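Only one chain is included here, represented as structure tokens and corresponding to the form solved without adenine.
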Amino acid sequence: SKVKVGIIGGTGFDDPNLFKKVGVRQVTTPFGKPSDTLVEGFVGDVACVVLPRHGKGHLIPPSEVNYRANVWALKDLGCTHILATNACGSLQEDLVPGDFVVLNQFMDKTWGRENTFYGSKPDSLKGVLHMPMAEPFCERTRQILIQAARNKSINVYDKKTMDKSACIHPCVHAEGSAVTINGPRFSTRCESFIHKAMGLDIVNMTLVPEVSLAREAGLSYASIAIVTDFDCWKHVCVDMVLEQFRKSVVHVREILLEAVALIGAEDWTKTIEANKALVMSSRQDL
């Protein structure tokens, strides 16, 4: 019944100020060191832990982030949930810089990253885990993020029920799919055209394997993406984009803080049990 919310801060959250620090935790996991020390505290009455994905100084690129250590360390400190941010590029006309997206789907183009806790090697947990991922996020937690935005007077656009003419910017998109590329380079026009033609909404570099390991760890995970603009190469463009992005960070902070409180206002007993049981029923070695 104990609820505790971990937060993985991406670009723009390299040193977040979400709450007063009660504890600063330098932790080691069986999969190595996390990206930085973990800061533990309280939002209202809800215990919370925050970790910068890229470390202080933003020195670790997307492909070298130790996703296993970050997720394992949050589990180890008792987290039941993880809320994560990520900065992204738009692939579709209705997703414009300054919007947010509460993702529900992804296509994985990453490689070379440790993406599972289990295996046959000495540095892994014993066993073979095949997790279902058809809808890869925790749906309850997704809806918390969306309600938090409604609660903070931020426009919410749901393409599954609202006319396109009701898409008022800036807005939180209530659903969406990301293609996760490995980085560090951005896509060619050729690549972006194909990703767009496949119906993908945004592009990012950090969602996978973070979302996958959160599920393997029995935790409820949801991501909120900040749409920004990486195409100033076609002047003063960068300051306008960075001013919009600073505003985006303010609003996502309010969304995150309100989502933590909304998580604590509910019972999660059966959802946490289901999270843990799904890990156990996915063991193919038995």
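Note that residue numbering follows the sequence shown and begins at 1.
- The mean C-alpha temperature factor is higher for 27-35 when 27-35 and 66-74 are set side by side.
- Checked against the record, the higher mean CA B factor of 146-154 and 108-116 lies with 146-154.
- Across the options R140, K196, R215, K160, the residue with the most elevated CA B-factor in the record is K160.
- When all modelled residues of the chain are sorted by CA temperature factor, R189 is found within the middle third.
- Among the modelled residues of the chain, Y221 sits in the lowest third by CA temperature factor in this PDB entry.
- For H173, the recorded CA B-factor ranks within the middle third of the chain. Only modelled residues enter the ranking.
- Sort the modelled residues of the chain by CA B factor and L207 lands in the lowest third.
- Ranked by Cα temperature factor within the chain, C167 sits in the highest third according to the deposited record.
Below, we turn to the form solved in complex with adenine, even though it does not appear here.
- Here the marked residues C88, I181 and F186 all reach adenine in the bound PDB entry, each with a heavy atom within 4.5 angstroms.
- Here the chain stands by itself, but in the bound PDB entry one stretch of 150-158, 74-82, 167-175, 199-207, 199-207, has heavy atoms within 4.5 Å of adenine.
- Only one of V46, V241, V249, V27 lies close to adenine in the bound PDB entry, with a heavy atom inside 4.5 Å, and it is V241.
- When adenine is considered in the bound PDB entry, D229 lines it closely, a heavy atom lying within 4.5 Å.
- For the chain shown alone, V236 is a contact residue for adenine in the bound PDB entry, at least one non-hydrogen atom being within 4.5 angstroms.
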